[PDB]
Amino acid sequence: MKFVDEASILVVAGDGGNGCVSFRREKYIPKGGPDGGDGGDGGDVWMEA
RNA sequence: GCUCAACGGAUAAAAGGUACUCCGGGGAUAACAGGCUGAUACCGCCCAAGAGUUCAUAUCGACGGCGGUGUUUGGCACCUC
């Protein structure tokens with residue numbers, strides 16, 4: 001409705017993902033290897049006019 | 001006269017590979033899976049300094065605490081060689 005300027009906003013970018021320390025063990029492979037997926041990129045805050 | 005030190009000392013005198021392998025056995029001993037547990041992982045809850053212009057609890061919520069699930073990373077090796 002009315003016109004009010006001088007707005008303030010707090011925005012935080014998404015924190016980046018966390019990898020996991022995991023090892024691969026299969027039916028016949030006791031020593032498979034370090035098998036841990038990487039994390040995901042954090043969220044990004046944008047501006048639109 | 002022995003660092004015969006692997007110290008009740010198998011010879012005075014001896015290192016490795018096998019995915020080309022083979023035999024006898026073991027779940028006495030691994031891995032997958034089941035089972036037990038729940039540190040860790042996930043979820044929820046407790047208090048609330050603070051941010052939220054005046055207002056902790058609209059939404060977040062720092063230092064910590066308490067549980068659930070069996071659900072990732074874990075530990076044991078009870079069943080199956």
Side-chain angles (χ1 to χ4, degrees):
Chain A
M1 301 75 88
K2 65 212 161 53
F3 182 94
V4 59
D5 63 358
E6 294 294 328
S8 178
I9 297 296
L10 187 153
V11 292
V12 64
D15 194 11
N18 214 47
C20 64
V21 183
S22 311
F23 280 96
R24 206 186 64 239
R25 289 175 298 280
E26 293 179 353
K27 177 65 183 293
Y28 292 165
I29 297 169
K31 64 182 290 294
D35 189 358
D38 304 328
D41 271 27
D44 186 74
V45 286
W46 271 106
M47 281 265 268
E48 172 36 30

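Note that these values count all heavy atoms, side chains included, but never hydrogens, waters or copies made by symmetry. The chains referred to below are lettered A, B, ... by the order of the sequence lines, with proteins before strands, and numbering in each begins at 1.
Neighbours B:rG70 and B:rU71 do not stack on each other, since their six-membered rings do not meet both centres under 5.5 Å apart and planes tilted under 30°. The six-membered base rings of B:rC47 and B:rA48 fail the test of centres under 5.5 Å apart and planes under 30 degrees, so these neighbours do not stack. Base stacking between strand neighbours B:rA28 and B:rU29 is absent under the criterion of six-membered ring centres closer than 5.5 Å and ring planes inclined by less than 30 degrees. Neighbours B:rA12 and B:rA13 stack on each other, since their six-membered rings have centres under 5.5 Å apart and planes tilted under 30°. Judged on ring centres (limit 5.5 Å) and ring planes (limit 30°), B:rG8 and B:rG9 do not form a stacked step.
A:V11 pairs by the side-chain contact (heavy atoms from CB on, under 4.5 Å) definition with A:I9, A:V45, not counting sequence neighbours.
The nucleotide B:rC66 finds its pairing partner in B:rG44, both defining distances of the Watson-Crick or G-U wobble pair being shorter than 3.5 Å. In this structure B:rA14 sits in no base pair that meets the Watson-Crick or G-U test at under 3.5 Å.
Here B:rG70 counts as south. Its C1'-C2'-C3'-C4' torsion is negative. A positive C1'-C2'-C3'-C4' torsion places the sugar of B:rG24 in the north, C3'-endo-side range. On the basis of its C1'-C2'-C3'-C4' angle being negative, B:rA5 carries a south sugar. Judged by the sign of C1'-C2'-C3'-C4', B:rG38 carries a south-puckered sugar.
Taken as a pair, B:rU73 and B:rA39 qualify: Watson-Crick (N1-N3 plus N6-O4 or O6-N4) or G-U wobble (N1-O2 and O6-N3), both under 3.5 Å. A canonical Watson-Crick pair (purine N1 to pyrimidine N3 plus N6-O4 or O6-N4) or a G-U wobble (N1-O2 and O6-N3), each contact under 3.5 Å, is present between B:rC76 and B:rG35. Between B:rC36 and B:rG75 there is a Watson-Crick or G-U wobble pairing whose two distances both come in under 3.5 Å.
Rounded to whole angstrom, the span from the CG atom of A:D35 across to the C1' atom of B:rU72 amounts to 12 Å. The distance from atom CD1 of A:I9 to atom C1' of B:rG52 is 11 Å, rounded to the nearest whole Å.
Contacts of residues 19-32 of chain A with RNA chain B (heavy atom under 4.0 Å): A:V21, A:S22, A:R25, A:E26, A:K27, A:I29, A:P30.
Here the CZ-NZ distance, from A:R25 to A:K31, works out to 13.5 Å after rounding to the nearest 0.5 Å.
Here the separation of B:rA39 from B:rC78, taken at their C1' atoms, is 22 Å to the nearest Å. Using atom P as the reference point in both B:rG61 and B:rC45, the two lie 11 Å apart (nearest Å). A distance of about 15 Å separates the P atoms of B:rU72 and B:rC43, rounded to the whole Å. For the P atoms, the distance linking B:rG65 with B:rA33 amounts to 33 Å, nearest Å. Rounded to whole Å, the separation between the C1' atoms of B:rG74 and B:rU40 comes to 7 Å. Comparing B:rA19 with B:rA13, their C1' atoms are spaced 36 Å from each other, to the whole Å.
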Would you tabulate the pairs of protein nitrogen or oxygen atoms and nucleotide nitrogen or oxygen atoms of nucleotides 55-57 of chain B closer than 3.5 angstrom?
none

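A:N18 CG: 12 or fewer foreign heavy atoms inside a 6.0 Å radius.
Under the 90° criterion around 0 for the glycosidic angle, B:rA49 counts as anti.
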